[PDB]
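Peer 1: Got a structure for you, questions after.
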Amino acid sequence: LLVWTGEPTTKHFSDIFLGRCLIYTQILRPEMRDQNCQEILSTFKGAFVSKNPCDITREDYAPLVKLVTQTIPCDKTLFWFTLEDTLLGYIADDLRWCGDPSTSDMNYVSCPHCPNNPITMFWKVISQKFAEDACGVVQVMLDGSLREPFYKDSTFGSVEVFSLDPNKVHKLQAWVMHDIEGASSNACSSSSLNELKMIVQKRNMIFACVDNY
């Protein structure tokens with residue numbers, strides 16, 4: 001097949017997939033029991049199977065996004081009830097997978113490490129959705145270590161911060177995390193946070209920032 005340099009699709013993917021999906025919709029989040037995990041898996045594989053692992057689009061996962069009806073706690077959404085707490089996020093967490101043109105299965109030999117691959121594209125899409133589903137007061141944890149804690153070039157300032165619905169979400173709250181080691185100055189007064197700030201305000205939303213240890 002196509003030779004790659006990156007790790008292969010996680011051995012036993014489908015099982016690990018359905019297994020996690022079942023534990024989620026049936027016991028952890030019982031209000032989602034009516035979600036068909038087989039259907040969800042198939043709709044997932046369709047996004048990349050029989051395709052080049054470096055030619056995956058955001059549209060390949062669109063159906064997946066339409067299929068899953070996610071339960072969303074309002075004031076608990078937190079960017080960085082996290083994304084890994086949603087059905088899809090809890091499933092693909094730490095898993096690898098890709099396809100191959102010359103097959104209708106998943107590549108267990110090797111996968112890419114080419115910015116439009118199965119893995120990278122999946123997380124971007126479910127992140128955008130997650131944002132769109134946010135309700136009330138949304139949070140976001142920012143690294144107080146970095147110079148520019150907030151940077152558009154991230155999935156956050158790129159699409160996440162712009163996919164937040166003002167009608168449902170009325171306030172964005174940025175958490176600038178710091179270490180006891182280091183005189184981490186108040187980054188909430190820097191530009192990155194002043195920009196992230198204007199963006200949110202310019203979108204009829206209240207912005208709050210805090211510096212914690």
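Chain identifiers are assigned as A, B, and so on, following the order in which chains appear in the structure tokens; residues are numbered from 1 within each chain, and ligands are numbered from 1 in order of appearance.
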Quick one: contact table of stretch 138-169 of chain A to stretch 173-177 of chain A, 9 Å max, nearest atom pair and distance in Å to one decimal per residue, counting only C-alpha atoms, chain and number order, as a Markdown table?
Peer 2:
```
| residue | atom | partner | partner_atom | distance |
| --- | --- | --- | --- | --- |
| A:138 | CA | A:173 | CA | 6.2 |
| A:139 | CA | A:173 | CA | 4.7 |
| A:140 | CA | A:174 | CA | 4.9 |
| A:141 | CA | A:175 | CA | 4.6 |
| A:142 | CA | A:176 | CA | 4.5 |
| A:143 | CA | A:177 | CA | 5.3 |
| A:144 | CA | A:177 | CA | 4.7 |
| A:145 | CA | A:177 | CA | 7.6 |
| A:149 | CA | A:176 | CA | 7.5 |
```
Peer 1: If you run DSSP on this backbone, which residues of stretch 34-160 of chain A come out as alpha helix (DSSP H), and could you give them as a VMD selection string?
Peer 2: chain A and resid 37 to 48 62 to 67 87 to 92 118 to 133 155
Peer 1: So, counting only C-alpha atoms, which residue among A:109, A:117, A:201, A:92 is closest to residue A:57?
Peer 2: A:117
Peer 1: Just how far from atom CA of residue A:50 is atom CA of residue A:106, in Å to one decimal?
Peer 2: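 Separation of atom CA of residue A:106 and atom CA of residue A:50: 8.2 Å.
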Peer 1: Restricting the calculation to only C-alpha atoms: of A:188, A:21, A:199, A:62, which residue gets closest to residue A:156?
Peer 2: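 Result for the nearest residue to residue A:156: A:199.
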Peer 1: So which residues of chain A fall under strand (DSSP E or B) by DSSP, listed as an MDAnalysis selection string?
Peer 2: chainID A and resid 6 78:79 111 136:143 169:177 206:212
Peer 1: Atom CA of residue A:53 and atom CA of residue A:128, how far apart in Å?
Peer 2: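 Result for atom CA of residue A:128 versus atom CA of residue A:53: 21.0 Å, one decimal.
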Peer 1: Just checking: using only C-alpha atoms, which residue out of A:186, A:107, A:212, A:65 ends up closest to residue A:12?
Peer 2: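 Once distances to residue A:12 are computed over only C-alpha atoms, the minimum belongs to A:107.
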Peer 1: When you count only C-alpha atoms, which of these residues is closest to residue A:68: A:46, A:129, A:84, A:94?
Peer 2: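 When distances to residue A:68 are compared using only C-alpha atoms, the smallest one comes from A:129.
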Peer 1: Please, what distance in Å, to one decimal, runs between atom CA of residue A:159 and atom CA of residue A:125?
Peer 2: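 A separation of 9.7 Å between them.
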Peer 1: What lies within 10 Å of residue A:22 using only C-alpha atoms, ignoring chain neighbours under 3 positions off, as a PyMOL selection string?
Peer 2: chain A and resi 16-19+25-30+32-33+35-38+87+91
Peer 1: Show which residues sit within 8 Å of residue A:124, as number ranges by chain. Count only C-alpha atoms, and ignore same-chain residues fewer than 4 positions away.
Peer 2: A: 58, 120, 128, 155
